[PDB]
Structure formats: structure tokens, C-alpha cells
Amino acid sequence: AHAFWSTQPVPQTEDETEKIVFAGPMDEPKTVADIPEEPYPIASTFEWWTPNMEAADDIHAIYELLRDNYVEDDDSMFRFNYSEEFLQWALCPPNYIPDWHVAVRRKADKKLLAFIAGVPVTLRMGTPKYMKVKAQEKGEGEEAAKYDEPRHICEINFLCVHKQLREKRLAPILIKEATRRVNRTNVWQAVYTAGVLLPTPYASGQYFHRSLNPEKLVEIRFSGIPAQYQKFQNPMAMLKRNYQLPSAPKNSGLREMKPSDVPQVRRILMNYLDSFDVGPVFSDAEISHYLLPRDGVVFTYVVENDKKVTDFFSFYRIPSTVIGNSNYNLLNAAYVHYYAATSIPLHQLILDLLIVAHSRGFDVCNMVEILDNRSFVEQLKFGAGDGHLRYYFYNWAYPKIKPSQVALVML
């Protein structure tokens, strides 16, 4: 049933998953010197390419591939349109490895046909808490704790094959070549998400959406006027009233983050992310890169009380192409990113997020039910979307966890 994934070091069924009790590697330990030094052989009409993310033309090529061929909704009404500035930010964090960005071009005209990207992440991925309690019952705490240390691994994203080349087994070729480049740098695990079911996720969660401009969302059919709103003499006036927001944040210590906040935001975020079984560890350079405001890309605000940062939130921007509306070309979406609340309830912190996003002209705020994102769904008028986001590891055995134990945001 899975000619490619059946050959790979991942759990093969949910039943195999069920019997996983400790974190650890799936495969034979291997060494760097065992891995072939040359790229995988490929069809003579194609060539492997390592883009230069410092070259505008190279970023543009990836931008165009994704604009026309990346993820769509179910009914082909929307397609993500990551910007060039966003791609530079997502693909080039501190100490990124250029060779982890793998592409296939057509030899004759250098047209970009397929891409996959790997970036470094330092991840805690040791045995989850509920299994550590089970281990204590069995007298097995040391084996359960063996891989507690954060690990330097690969996060894989942006896998894309051009529409004209779909169903020709090119995606396995990409994933094998990515794996070889990552293994040649002595890294043997990867983490990735997908909106489809593959062998075999360790967590799964619903998407959630908070309308900010309901009149536009209904014009472009992202939203409907829900059936209950018809019994009303006037639907859209009532929908706008339901989702109205104040003009300005309610917390008077809220301001944009600046470079001098980096140490305090690192500390409050790392103390919060400790709570979770799987989550990133960030240096000051990584907090600077992923959280300092960047025009059109990432937006971050801190609550400062008595010259101390006590809370913060961040959200990032991804517009989507609206396929065939005469009125609107683009959905302007905000996505909840990292945050930490120490001084006020989380719902009060995130209400300020919605206020800021709305004032900045975003149409919708979206998120997955990781972190403590459930705690504020109902009070802040989020609704569940369609399908689920699935979280996976490569070459890592891991017990199933709830998505409220996951703290890694994937862009």
C-alpha cells in the first residue's frame, strides 16, 4: 500500500505506535562515512540544484513554484502565497545549512520543478510525561529518561512538486536526497507536519479560525453566513457586530518588541515551553530571528510592567490567492505564533493579538490546537476548520501524545 513509506524508518501502523513506550531511534545506528558522497542518480532531463538564499533570483524561483503549486484548501478555492521576504526568513534561521535546501530543475531551461527544505531546530523530544509515569510504575525510569536532552535535528517543510509532474514518484526522490544531505551532516532525525495522513503521526490537531473582516470572508467564500443568521432580518450587520473588536489593546503596557527585549522574551518563552513534551529550545540569536518584528512577515508585542517584560505574543502573516473572485485577489491571514503569559490570563493576552491583527488590516486569525490554544477558543470566538494537522518524526519512535503537549509551530 505504501511503496515508499514502507521502506522508511517510521512506525508503520497505529498498532506498532500503540506499543511504543520510550523515545528513541527507529533504525540501526549509522555513520556519516557509510552515506554515499554523491547525489542520488536522477532522470537525465533533470538536475539537482542547491538554491542560494542570498540571491534574489533563487528566492524568486522558489516563490513562483510555491505560489502556483503549493498547498490548497479542499475545494480549490485558495492557495498559499508565501512572500519572498517570508521565505528568506523561514529558510534562513541562524546557522542554517545551505545544502539542506534541495531542488530539482529542468536541465534545458532551468525551470524549477520540485523543492523541499530542511532547517536546523534544537528539539526536546524525550519520553513524554504520561509515559514517564508508566515507567516509574514499572521500575524503568532510567531507560525512559535516556533521550531527555534537547537534540539538534532537521525540521522539513515546503515539499512541493509542480502540478505537471504530479504522481510520477518525484516526491520520494526529493525526500531520499534530503535525507542523504541531512545524514551527511551527522543528523539522523527530522520533524515535519502535513495536512494528510501518512505512516504514522505522533499527534494530530484541529485547525481554528477567528474572523476579523467577516464581510470580506463571506465575499470570497472562506466563510458563509451561517444558517442561524438567516432567521435575522439582517445577516451581515449581525455578523459584523458578533466579531467586532476594540480599536486599541486593552493591556496599557503593550508595545512592539525591540532588540533589547530578546533576553527577557527568551527566558519567559523557554520557561513556558518547558511545560510541553515536544518543543523547541531557542538561543538569543534564534529568539531575535523568529520573534523580532519584520515588516509584512512577523509581528511581536510585549507587555512591559515596571521595566520588566512579563508577557508577549507573536503572529506571522501569509496571504493566500483567492482562485477566481472578481472582487478580491487575496486573503490576508494572521497565524498565532509563540507567546507566554505570566501576568494576565491567556485569553486576555490573545485578545490583544486579535485587536492588533485587526487594526493592521488582517482578515482572519488562524491557529492549530497546540500549546494552550484551546483555552481561548470559545471566549475569543474561534471556530474549528476542516481536517487535521498531523505531526511526524523521521527515525524516532514516540508514544502518541495530545496536541496540547506539542509546542513546535510550523510555518
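All residue numbers refer to positions in the sequence shown, first residue = 1. We call the rigid core the largest set of C-alpha positions that still match within 1.5 Å between the two forms.
- Larger root-mean-square CA separation from the shown form, computed after a rigid core fit of the structures in 9 other deposited structures of this protein, is seen for 14 to 22 when 399 to 407 is set against 14 to 22.
- In 9 other deposited structures of this protein, superposed by the rigid core, the C-alpha atoms of 222 to 230 lie farther from the shown form than the other of 222 to 230 and 242 to 250.
- According to the PDB record, 219 to 227 carries the higher mean C-alpha B-factor of the two stretches 219 to 227 and 274 to 282.
- Per-stretch averaging of Cα B factors for 301 to 309 and 89 to 97 places 301 to 309 on top.
- Comparing C-alpha B-factors across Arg360, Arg67, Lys30, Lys381 in the deposited entry, the largest value falls on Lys30.
- The PDB entry assigns the greatest CA B-factor among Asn157, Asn183, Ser211, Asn251 to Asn251.
- Per the deposited record, the Cα B-factor of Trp49 falls in the middle third when ranked against the other modelled residues of its chain.
- Among all modelled residues in its chain, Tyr290 ranks in the lowest third by Cα B-factor.
- When the modelled residues of the chain are ordered by C-alpha B-factor, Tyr398 sits in the middle third.
- Annotation for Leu389: C-alpha temperature factor in the lowest third relative to the rest of the modelled chain, per the entry.
- In the PDB entry, a CA B factor belonging to the lowest third of its chain's modelled residues is recorded for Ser314.
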